[PDB]
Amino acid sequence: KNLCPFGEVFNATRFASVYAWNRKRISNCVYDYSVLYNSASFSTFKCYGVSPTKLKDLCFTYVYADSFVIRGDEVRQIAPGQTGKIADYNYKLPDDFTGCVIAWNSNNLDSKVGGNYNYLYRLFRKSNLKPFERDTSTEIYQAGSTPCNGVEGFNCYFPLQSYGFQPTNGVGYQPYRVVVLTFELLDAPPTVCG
C-alpha cells in the first residue's frame, strides 16, 4: 500500500462549518505521522488514547478524518469530556476516545473583510449530541411553550448562527481549522498502518 490521502484533508481549500462537519475514513495505506506531530505549523496537536510516536508501530482497521472550522476559543471543547456550545450542539468526542486532535489558525484564509458568514454553528438544540453525531437540520427551534409551526418568530429561532469571521478579530475569536483523526480497531484486519 501507498500513502494515506491525509494531504487532501489537511490541505483542502474549503473546510466545512462545525454543524455540518466532514468525514473521510482512511483505509489500506501507510503514513508517517511524524510529518504531522513534528510540524509545529499546527497550533494544536493533542492525542488522547495513544502515543503519537507509537503510531508507526501500530496498525488499525480504519482512520477517520473529521474536519471543520471553529472559533479559537472553542479548540478547548474538541476534547473528551468537554461542554460548551460546540461540544454539546456541534461536534462531540467520546470519553473513551482514541485519536488525535489537530488545529491551526486560518485567519489568513477564512476571515473576510466585512465578516465571513459562510461558517456557521448550531446555537440551539433540545438534546445534547451523542459522540460523532451530526445534525444538519434547519428546524425552527422552539424556545418557549408556544409552538413554531415551521415559522421563525418570538421564541422561535433559526438554530444556526454565524461566526462573523473578520481579520481584525481577536485571536480567541479568529477561525481555526480542525482535523480530528480517530483510530479504530475491530475484528476486521488492520489495513492502515504507521
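Numbering starts at 1 and runs along the sequence shown.
> Compare the mean C-alpha B-factor of 110-118 with that of 94-102 as given in the PDB entry, and name the stretch with the higher value.
Result of the comparison: 94-102.
> Averaging only over Cα atoms, indicate whether 179-187 or 16-24 has the higher B-factor in the PDB entry.
The stretch with the larger mean CA B-factor is 179-187.
> If you check the C-alpha B-factor for each of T138, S162, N128, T146 in the entry, which is highest?
In the PDB entry, the greatest C-alpha B-factor among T138, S162, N128, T146 is found at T146.
> If you check the C-alpha B-factor for each of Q166, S67, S43, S51 in the entry, which is highest?
Highest C-alpha B-factor among the listed options: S51.
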